[PDB]
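A.B. asks:
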Amino acid sequence: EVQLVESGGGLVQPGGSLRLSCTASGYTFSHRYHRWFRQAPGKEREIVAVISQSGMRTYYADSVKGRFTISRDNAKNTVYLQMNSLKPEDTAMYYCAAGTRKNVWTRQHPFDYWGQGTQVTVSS
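Under our numbering, residue 133 is the last one in the sequence shown; the count climbs by one each step, no gaps.
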């Protein structure tokens with residue numbers, strides 16, 4: 010069975026920090042780029058962070074640059090999103106996904122590499 014199992018999230022005050030994780034099962038985690046994206050009701054989806062297989066390449070949405078850090082531990086099959094300096098505009102459902110270097114989703118059975126999502130809310 011293949012899954013990317015997400016955890017973390019919650020409600021914090023502006024300036025707060027949260028760490029999200031996702032842990033892969035049933036697929037080789039180290040073979041895939043992973044990303045975090047978020048979606049709020051009333052805002053469109055946004056990829057906020059991308060990490061390459063080895064973790065050597067990380068890219069960030071400008072809006073989270075220097076506040077969020079994507080990292081991974083291939084040994085633990087786990088990708089992280091460290092979200093520091095949270096702001097109200099960070100409020101959203103956050104999802105991790107394994108994908109390709111080009112794309113947020115894998116080419117097939119993409120739902121198998123997609124975290125269920127966790128709410129992150131930064132109170133105003």
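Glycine included, each C-beta is placed from N, C-alpha and C at the ideal position.
Whose C-alpha, out of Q22, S30 and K74, is nearest the C-alpha of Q125?
C.D. replies: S30
A.B. asks: Please go through the same chain and pick out, in chain order, the residues whose beta-carbon is closer than 7 Å to the beta-carbon of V57, but skip the five residues on each side of it.
C.D. replies: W45, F46, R47, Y69, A70, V73 and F77
A.B. asks: Helix, strand or coil: how does DSSP classify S30 here?
C.D. replies: strand
A.B. asks: Taking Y36 as the reference, which of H118, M92 and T127 has the closest Cα?
C.D. replies: Looking at the Cα atoms, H118 is the closest of the given residues.
A.B. asks: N86 to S132, Cα distance in whole Å?
C.D. replies: So the alpha carbons of these two residues sit roughly 32 Å apart.
A.B. asks: Based on Cα-Cα distance, which residue from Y104, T115, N112 and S61 lies nearest to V14?
C.D. replies: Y104
A.B. asks: What does the alpha-carbon distance come out to for the pair residue 6 and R116?
C.D. replies: One cannot answer for residue 6 here, as it falls past the ends of the chain, which runs 10 to 133.
A.B. asks: Quick check: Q128 and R28, are their CB atoms within less than 8 Å of each other?
C.D. replies: no
A.B. asks: Using only alpha-carbon positions, find the residue among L95, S16, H43 and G75 that is nearest to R81.
C.D. replies: Distances from the alpha-carbon of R81 to those of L95, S16, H43 and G75 put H43 closest.
A.B. asks: Compute the beta-carbon to beta-carbon distance between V59 and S34, rounded to the nearest angstrom, for a pair I have assumed lies under 8 Å.
C.D. replies: At roughly 21 Å, the Cβ-Cβ gap does not stay under 8 Å, so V59 and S34 are not in contact.
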